[PDB]
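Residue numbers start at 1 and run along the sequence shown. Just the heavy atoms: all of them, side chains too, but no hydrogens, waters or symmetry mates, feed the values below.
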Amino acid sequence: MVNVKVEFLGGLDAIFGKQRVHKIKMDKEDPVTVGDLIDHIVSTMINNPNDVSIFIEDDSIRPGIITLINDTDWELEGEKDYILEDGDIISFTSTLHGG
């Protein structure tokens, strides 16, 4: 199990109950990837199905949303392939033109 913190910023928290910060328990045994986390967020934390398209496009985070792992850009860490450790913080920030 890995315990991580997710942050939804830039207005994104509107589809996650208007709550910016979330403490997520991943029951999956190591290795647990950011891909697994995203899968979990989509199937368990988006309470209106029609909102999934805001977060996801193509089994992947929708361009315009900036993803950081512990305050570093996820493209520098393997994106979905990054392996989660206890205490990690994953932040997703909606932007206008950051595609």
Side-chain angles (χ1 to χ4, degrees):
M1 299 162 37
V2 77
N3 294 286
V4 297
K5 178 164 64 177
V6 174
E7 292 166 350
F8 301 117
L9 307 176
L12 196 54
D13 76 339
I15 74 184
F16 295 108
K18 282 284 183 182
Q19 182 172 323
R20 300 174 68 166
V21 177
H22 297 260
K23 293 155 163 189
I24 298 174
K25 184 185 59 150
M26 294 292 292
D27 282 334
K28 192 189 185 216
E29 76 287 1
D30 297 324
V32 182
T33 70
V34 170
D36 296 332
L37 178 65
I38 289 171
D39 281 353
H40 181 73
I41 296 169
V42 170
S43 61
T44 78
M45 300 174 52
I46 301 188
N47 297 333
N48 194 313
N50 194 46
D51 293 339
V52 175
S53 55
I54 295 179
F55 192 57
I56 296 303
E57 189 167 307
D58 313 352
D59 197 57
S60 163
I61 301 302
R62 191 169 167 189
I65 294 168
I66 299 317
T67 306
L68 304 181
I69 296 156
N70 296 320
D71 213 36
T72 298
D73 198 314
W74 80 329
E75 318 201 341
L76 301 159
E77 315 294 322
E79 294 179 26
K80 286 188 164 189
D81 294 322
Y82 176 80
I83 308 300
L84 300 174
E85 323 289 353
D86 272 297
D88 279 353
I89 309 174
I90 314 287
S91 64
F92 302 101
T93 305
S94 296
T95 74
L96 183 51
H97 287 321

For this session: Test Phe16 against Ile41 for side chain to side chain contact (heavy atoms under 4.5 Å, CB included), laying out the working first.
Result: CA-CA 9 Å; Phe16 295 108; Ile41 296 169; 3.4 Å; yes
Look at the side chain of [X] and the backbone N and O of [Y], then say whether any donor-acceptor pair between them is shorter than 3.5 Å.
X	Y	value
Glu77	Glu79	no
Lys80	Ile38	no
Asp27	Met1	no
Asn48	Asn50	yes
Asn3	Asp86	no
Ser94	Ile65	no

For [X] against [Y], the heavy-atom pair lying closest together:
X	Y	value
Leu9	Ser91	CD1-CB, 4.2 Å
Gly98	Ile66	O-CD1, 3.8 Å
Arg20	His22	O-CD2, 3.9 Å
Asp30	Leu84	OD1-O, 4.4 Å
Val4	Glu85	CG1-O, 3.9 Å

For this session: Check the hydrophobic clustering (I, L, V, M, F, W, Y; side-chain heavy atoms under 4.5 Å; chains of links allowed) and say if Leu68 and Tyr82 are grouped together.
Result: no
Exercise. Is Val34 reachable from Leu12 through a run of I, L, V, M, F, W or Y residues, each pair having side-chain heavy atoms under 4.5 Å apart?
Worked result: yes
From [atom1] ([X]) to [atom2] ([Y]), nearest 0.5 Å:
X	Y	atom1	atom2	result
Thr72	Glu75	OG1	CD	12.5 Å
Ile83	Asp81	CD1	CG	7.5 Å
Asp59	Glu57	CG	CD	12.0 Å

Problem set entry | Audit row: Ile24, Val2, side chain to side chain contact (heavy atoms under 4.5 Å, CB included) steps and yes/no | CA-CA 8 Å; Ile24 298 174; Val2 77; over 6 Å; no
For this session: Over 60° means perpendicular and under 30° means parallel, so classify the ring planes of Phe55 and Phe92, tilted if in between.
Result: perpendicular
Problem set entry | Verdict with supporting geometry, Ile90 and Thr67, side chain to side chain contact (heavy atoms under 4.5 Å, CB included) | CA-CA 7 Å; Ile90 314 287; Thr67 306; 4.2 Å; yes
For this session: Applying side chain to side chain contact (heavy atoms under 4.5 Å, CB included), run through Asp36 and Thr33 and close with a yes or a no.
Result: CA-CA 5 Å; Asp36 296 332; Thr33 70; 3.4 Å; yes
